[PDB]
Engineer: 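After the structure tokens below, expect a handful of questions from me.
First listed ligand is number 1; within each ligand, the first listed atom is number 1. We number each residue from 1, following the sequence as shown.
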Amino acid sequence: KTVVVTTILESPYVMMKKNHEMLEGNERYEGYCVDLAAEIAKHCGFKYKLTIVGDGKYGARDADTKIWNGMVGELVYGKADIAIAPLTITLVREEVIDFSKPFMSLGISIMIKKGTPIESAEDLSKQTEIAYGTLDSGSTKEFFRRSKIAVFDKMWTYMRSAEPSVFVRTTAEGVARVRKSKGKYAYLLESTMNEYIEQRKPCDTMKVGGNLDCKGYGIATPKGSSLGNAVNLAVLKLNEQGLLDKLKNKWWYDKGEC
Ligand SMILES: N[C@@H](CCC(=O)O)C(=O)O
């Protein structure tokens with residue numbers, strides 16, 4: 001009867017508490033999604049075990065083998081009951097799993113080292129001296145692969161064959177790469193994560209341009225699962241109560257450094 005919660009380490013959604021060497025199970029982690037977890041549980045009614053996805057990925061279906069990896073996979077292949085993390089709600093995913101009403105909104109955005117000669121996605125697509133990429137197995141990559149919009153199509157045609165690879169394994173790798181590339185690498189990632197990093201020392205990154213799209217994160221559960229209707233109801237209620245906004249103040253604004 002214990003629901004197993006699959007999630008991923010992504011600041012400030014899920015972070016290792018500073019004294020993680022000890023404290024067991026769910027007491028080891030902290031962050032927005034951890035708090036959201038508890039709330040959903042207390043409101044929906046049930047206990048849960050927080051588990052960090054093995055492959056540390058969000059979720060992509062290998063075109064060749066039609067096999068889903070990451071959190072989406074662990075949901076489609078009975079390895080987890082519910083996914084509570086910043087998992088983007090998308091068309092292709094809504095065909096093999098179920099999402100609640102979004103609990104937070106976001107859009108793809110651009111992160112550059114301060115002083116980089118880039119002010120927009122169009123700027124990036126009209127030059128080549130500055131490389132750029134996204135997270136390897138997430139929705140941002142797939143957004144570009146699929147885009148029909150001229151600019152993003154052009155950006156994708158560049159990214160897929162870019163050498164060396166512009167794709168990263170984690171958000172931290174993308175960010176690091178932006179910081180250690182002397183203004184020669186731009187990173188495309190979701191605004192939520194982009195804005196968090198922007199308010200954290202060394203305060204050398206920046207967000208330029210507007211969001212490239214509008215999307216939402218949602219609690220995910222297996223097709224026709226048992227919690228489906230409940231969680232959506234819990235989410236709508238927390239949204240109603242205004243508790244999701246408060247969690248946002250807690251983890252984003254009340255912790256700026258620049
Ligand atoms: N939120 C994305 C991961 C981050 C990204 O793709 O930029 C997903 O659920 O795949």
Engineer: Which of the atoms in ligand 1, numbered in the order shown and given with their element, are less than 4.0 Å from a heavy-atom of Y217?
Structural biologist: 1 (N)

Engineer: Before accepting this row, confirm whether a basic side-chain N of the pair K250/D35 lies closer than 4.0 Å to the acidic partner's carboxylate O.
Structural biologist: yes

Engineer: Polar-atom distance check: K141 versus ligand 1, any N or O pair below 3.5 Å?
Structural biologist: no

Engineer: Would you please say whether a donor-acceptor pair under 3.5 Å links the side chains of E10 and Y58?
Structural biologist: yes

Engineer: I need the contact type for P86 against ligand 1. Using non-hydrogen atoms and a strict under-4.0 Å cut-off, is it side chain, backbone, both or neither?
Structural biologist: backbone

Engineer: Quick test of your reading of the model: are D204 and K113 salt-bridged, counting only N-O distances below 4.0 Å?
Structural biologist: no

Engineer: Taking only heavy atoms of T88 into account, list the atoms of ligand 1 that are under 4.0 Å away from them.
Structural biologist: 1 (N), 2 (C), 8 (C), 9 (O)

Engineer: For the side chain of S191 and the backbone of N194, is there at least one donor-acceptor N/O pair under 3.5 Å apart?
Structural biologist: no

Engineer: Taking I112's backbone N and O only, do any of them form a donor-acceptor pair with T116's side chain (distance below 3.5 Å, no angle check)?
Structural biologist: no

Engineer: Which atoms from ligand 1 have a heavy atom of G138 less than 4.0 Å away?
Structural biologist: 6 (O), 10 (O)

Engineer: Return the orientation label for the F46 and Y48 ring planes: parallel under 30°, perpendicular over 60°, tilted otherwise.
Structural biologist: perpendicular

Engineer: If you count the atoms of ligand 1 from 1 in the order shown, which ones are under 4.0 Å from a heavy atom of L87?
Structural biologist: 9 (O)

Engineer: Are any of the N or O atoms of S137 closer than 3.5 Å to those of ligand 1?
Structural biologist: no

Engineer: Please write down residue, atom name and distance for the protein heavy atom closest to atom 7 (O) of ligand 1.
Structural biologist: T140 OG1, 2.7 Å

Engineer: Please work out which of the three classes, parallel, tilted or perpendicular, describes the rings of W252 and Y13, given edges at 30° and 60°.
Structural biologist: perpendicular

Engineer: Could you check which of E190, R93, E10 puts a non-hydrogen atom nearest to atom 10 (O) of ligand 1?
Structural biologist: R93

